[PDB]
């Protein structure tokens, strides 16, 4: 009975509460319920994205809806409508920062890329938090536990789009999280493989074995049968319905964590104006993400003393790291008109109608593609390194491990432009558009989150502060010039129609390149480290290596906020794994 899984908004007691039915939230809630620790309730402000955002969150190719910087490019059924402070690195631009408000959280909204960090990143993690269980070899089983891998389908993809994978690290098939290759590869990506080789990027066997340098076809959180998005909702929550130990509270806003002495004992909740308190006998897990986890700590009395005093919040623990040390990745892309099919073709009615039938009848065609296909990773090579970087920049980059890339390239079968609104500004003049996006994997810029109010119903103040460190500025210009090197290869030339479409060659000098990047970049949505994992004796750390909040009892944080630092690339794989790990830490029954 479906309804048996869903809670009634009144005072009651569970063994465990998880705040936030997002990526980490639904994973840890489902695993705790299955691991015999007693009753678990998960509290989520949103509903099902299948009811609240049409089929836009279910179709991989529709992932560009409601992610633009424009303040109005969102709707309240899937997005919080959060905007940044005026951004020092983006000419004081106030931008929309997309966050999932739904069961699945930002796993309902992401571009579905599944890629793990490097052995050396895991080594740095182990060192920073003083726990060797975070080293690659000890952590890997938690990465594998979640997965149901399906190999590439060569018949639907075409021979051109053959993949190089490492199945030995993609689990035993028993996990609920579908990971596979899309049934459709962008024709652009097929050409990009040759261009990547010409600029010195060797093919490797996927991005799941603890190394990145080189190129490969990406793996995605997509169901191999339906080519629907795989979120934490379609994977973990669907398994957890059927577990009588799991209760879901949806359309439910957590307002305050309650403390008796320094012990977390319950959560104040509002469901459609009805206030109630859920009590926890054992532990509360905060999984509200990089913006709202720190906000809930602060309005509950855990955070910087001066902030809590200024908003009349009684102090429970002076923890100055709460909302500090925010890390993020950025993305921007030039675009060309190309002589191959890209997502542009969906603007043509006769083409869309065929793609629509291919998707629903055969799980095939361009709708079955998340826009991306091939990722590539490098250090900026010599001799460009000495020309493009100051001595200070080269000294800072030499402190990163050899395996830790500086720049990520992503094939995109669509137009980025200024990323104001990808749907409105999608060029409609009858050409196919493709982009080569770049992301920077060594961000030095640090941001923060604070509050204007003790009410969690008021949005937090979000200041990512991207592109403010001189190292990020120099890297941003270098990455842009590498996209120009990609587009000047003889391998890619035959599909290009005329010169660079966006921005165009008139963007030439270092200062013009920087100015264009400052106008055309956005976050790639990897906000993290606002409840950073570190040593219990570090006054800036928020959680220890067991994800316990320092200064209080029976409270953990398990989400992107808990990361000690942002590892290179796409973090969802790591958040699934971290949730798997802290579930076993709590239960002891794995």
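Numbering follows the first chain given and starts at 1.
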>> Mean CA temperature factor from the deposited coordinates, higher in 217 to 225 or in 237 to 245?
In response: 237 to 245
> Which wins on mean Cα temperature factor, 303 to 311 or 334 to 342?
Replying inline: 303 to 311
> Highest CA temperature factor in the entry: which of 296, 438, 285, 316?
Replying inline: 316
> Out of 328, 373, 399, 500, which shows the largest CA B-factor listed in the entry?
Replying inline: 399
>> Which third, lowest, middle or highest, does the C-alpha temperature factor of residue 350 belong to within its own chain?
In response: highest
> If you rank the chain by CA B-factor, which third does residue 526 end up in: lowest, middle or highest?
Replying inline: lowest
> Is the Cα B-factor recorded for residue 109 in the lowest, middle or highest third of its chain?
Replying inline: lowest
>> Please place residue 483 in the lowest, middle or highest third of its chain according to the CA B-factor in the PDB entry.
In response: middle
> Relative to the other modelled residues in the chain, which third contains the C-alpha temperature factor of residue 358: lowest, middle or highest?
Replying inline: middle
